[PDB]
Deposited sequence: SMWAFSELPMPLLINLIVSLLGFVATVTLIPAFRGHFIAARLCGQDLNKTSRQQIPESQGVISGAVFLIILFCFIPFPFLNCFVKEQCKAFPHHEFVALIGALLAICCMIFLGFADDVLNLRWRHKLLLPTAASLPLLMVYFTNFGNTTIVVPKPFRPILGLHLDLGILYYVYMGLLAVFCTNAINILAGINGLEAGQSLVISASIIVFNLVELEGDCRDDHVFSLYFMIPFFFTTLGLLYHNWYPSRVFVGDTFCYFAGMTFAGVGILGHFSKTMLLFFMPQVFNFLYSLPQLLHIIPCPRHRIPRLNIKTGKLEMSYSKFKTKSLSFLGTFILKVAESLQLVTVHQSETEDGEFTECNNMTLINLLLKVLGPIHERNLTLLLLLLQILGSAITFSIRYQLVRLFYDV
């Protein structure tokens, strides 16, 4: 039973060591390729290599390619293995192309949909359960759900970002929670689904651990959208093929809140700045809330209602002003990072990430409490 899992653990540890070693080896290449960026929440104007998710993602693929023959050494699970790797690999690829080319916002939705196609087709060919428990047969709409799941998880991680070790950290907690959940369900019942998930979650964990080694505060490298795209698809892939997307989405609680809280800014009903990461008080050294200021006359009818409702619900900190240019509204940037800075006041970057990571652990523990009483 654990014979291939042993081999998977062995190659995943080698993959950790590979990721830790290779990340600083390709440093030059990324900086030369202009694949870098400043640490926007630090005074240092130096450029730190970006898109390092491509190196962990690459290690992850090569690990699993070598692993492929072991579970076989029957095709119903083997199809799902090569199928899920196709989807993950295509996603690391289109994700990296997006990092290199900076495609229009439409592709943040089209690329995950594109890459998710092998998962859908494997589910189609291996005769997948289109019926859902609330007892409803969604049919074609179930495949729309599977497509959208990949789109969701990638962007949900990507919009809960911008502080040292958060993106890679939250994924690290999520994969660990999936691993723990798989091991519990490996004791009986649906087992071939959970031994399957472990085959991707063990290598995803140790490679991301190798990435976080160089990403954790102070960040020596940045993960890029390549990592957020990669993570999202790996999670959506194991959720779908393991048939536990419901349970997996509950492990996405901080990501789901942060998304809906961001919805008025994403939909531009309230002006949305390109970067909604907190400000650094250079005197304090700690992070402070970021704000989006705008002319109140330019704001839409629906936008004034949402902002008034969210302020009264003790969620958004709004600040009215009136200069020579006119009357302005300096409202709080709608994200979970800022809401923690609203409630708990200014927080140092290292503790802020670690706080959201703890909040992530809390949610996983709540899900495990829901599911096992």
query	finding
Parts of the chain sequence, as deposited, that carry no C-alpha coordinates in this structure	1 to 7, 81 to 91, 153 to 162, 402 to 409
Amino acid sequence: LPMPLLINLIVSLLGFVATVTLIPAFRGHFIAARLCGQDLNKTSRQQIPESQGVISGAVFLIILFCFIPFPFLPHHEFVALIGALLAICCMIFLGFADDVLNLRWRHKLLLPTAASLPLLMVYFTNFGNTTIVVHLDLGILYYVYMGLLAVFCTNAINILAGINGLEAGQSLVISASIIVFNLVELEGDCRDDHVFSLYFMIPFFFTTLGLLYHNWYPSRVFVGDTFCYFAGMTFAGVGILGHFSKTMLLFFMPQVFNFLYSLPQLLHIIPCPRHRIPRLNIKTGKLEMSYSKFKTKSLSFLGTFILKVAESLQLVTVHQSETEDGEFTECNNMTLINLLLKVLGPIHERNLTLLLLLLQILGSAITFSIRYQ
From here on, numbers count along this sequence of modelled residues.
{"property": "287 to 295 or 213 to 221, whichever carries the higher mean Cα B-factor", "result": "287 to 295"}
{"property": "Stretch exceeding the other in mean C-alpha B-factor - 143 to 151, 181 to 189", "result": "181 to 189"}
{"property": "Deposited CA B-factor, highest of 88, 132, 202, 260", "result": "132"}
{"property": "Top Cα B factor in the deposited entry, candidates 197, 208, 226, 300", "result": "300"}
{"property": "Among modelled residues of the same chain, the CA temperature factor third for residue 68", "result": "middle"}
{"property": "Chain thirds of CA B-factor: placement of residue 47", "result": "middle"}
{"property": "Within-chain third of residue 124 by Cα B-factor, per the entry", "result": "highest"}
{"property": "Position of residue 95 among the chain's modelled residues by C-alpha B-factor, lowest, middle or highest third", "result": "lowest"}
{"property": "CA B-factor placement of residue 74, once the chain's modelled residues are sorted into thirds", "result": "highest"}
